[PDB]
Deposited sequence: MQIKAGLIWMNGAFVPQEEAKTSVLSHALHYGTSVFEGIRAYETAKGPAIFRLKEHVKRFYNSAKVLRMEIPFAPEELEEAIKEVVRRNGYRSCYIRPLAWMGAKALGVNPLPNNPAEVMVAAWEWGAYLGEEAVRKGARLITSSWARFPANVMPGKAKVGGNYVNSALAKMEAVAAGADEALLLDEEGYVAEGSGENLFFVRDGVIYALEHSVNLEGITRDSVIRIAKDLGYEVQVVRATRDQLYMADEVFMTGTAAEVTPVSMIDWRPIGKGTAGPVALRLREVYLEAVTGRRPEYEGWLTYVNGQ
């Protein structure tokens, strides 16, 4: 990974120096939290998309683990802006990470507080999905509203499964059999002119999902939030997923069954395009979501 200078607990250092004890609690028990934040190039230079909203979730994830982050939100935000500038990035993916150190290896993480923190970044047909044989964890098994390290063993298993089956991404159902979300994407589907966003259920409350719903509504679409089954998606006119890295990705096939016309549909493509216009500063109406680094 070409990260370059990484912010390590207060100070930037060369990538090669950004290391941590192999006895770190997080490395053994998945006790870490992270975020996914993107910077896009605009006519006025790099702009970070919904920075504060992402940082807030970062601290929220930490609270779920009762993990203590030894920095104020403002400092992390400044670190995030600086990881872009110092590395001379224009368009990049920023990865803040807080993890429990190597003070002790009992399964209880509290003794390891405060958490160590770092911020790294690196320059940045229709998706085919397969329904995973791995269900997304119930809300009382793993904290699904938080981006906690350990949670992604579940995403990792589903992703490898999908790829091995010849698809691009996995669609996970909850333990009851209802659609949940992709290994790392929130789901949407369109039917008879109406855009359906799936309820939060056990899924993460996506910021891209949020942005897409606002944009859809601003464009005049009717948007409903519902619980959905796989066959509701099979027969939808369109299906698409959202996420910081994934942006707005159309889904043209699920479980080898074509969605609608079998290729990216007009609604998803339009939302994606307007979303890209929003993140690149071409829409005054969404300027409030941007934080120009320069």
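- Stretches of the deposited sequence lacking C-alpha coordinates, numbered from 1: 1-2, 127-136, 307-308.
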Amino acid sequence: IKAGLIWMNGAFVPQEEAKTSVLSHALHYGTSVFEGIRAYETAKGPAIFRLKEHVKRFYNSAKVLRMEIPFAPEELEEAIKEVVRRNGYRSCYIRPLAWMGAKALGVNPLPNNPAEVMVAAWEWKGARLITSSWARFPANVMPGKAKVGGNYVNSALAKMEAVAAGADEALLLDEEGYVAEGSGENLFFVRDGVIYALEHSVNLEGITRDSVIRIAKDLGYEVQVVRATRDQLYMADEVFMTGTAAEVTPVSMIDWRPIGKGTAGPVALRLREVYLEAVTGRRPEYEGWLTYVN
From here on, numbers count along this sequence of modelled residues.
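- For the pair 65-73 and 22-30, the mean Cα B-factor is higher in 65-73.
- Taking the mean C-alpha B-factor of each stretch as recorded, 135-143 and 78-86 are not equal, and the higher mean is that of 78-86.
- The top Cα temperature factor in the record, among 206, 114, 150, 182, falls on 114.
- Looking only at 218, 123, 199, 174, the residue with the top Cα B factor in the deposited structure is 123.
- Among the modelled residues of its chain, residue 249 has a C-alpha B-factor that falls in the middle third, as given in the PDB entry.
- Ranked against the other modelled residues of its chain, the C-alpha B-factor of residue 285 as given in the entry falls in the highest third.
- Looking at the C-alpha B-factors along this chain, the one for residue 231 belongs to the lowest third.
- In this PDB entry, the Cα temperature factor of residue 38 sits in the middle third of its chain's modelled residues.
- In this PDB entry, the Cα temperature factor of residue 16 sits in the top third of its chain's modelled residues, the highest group.
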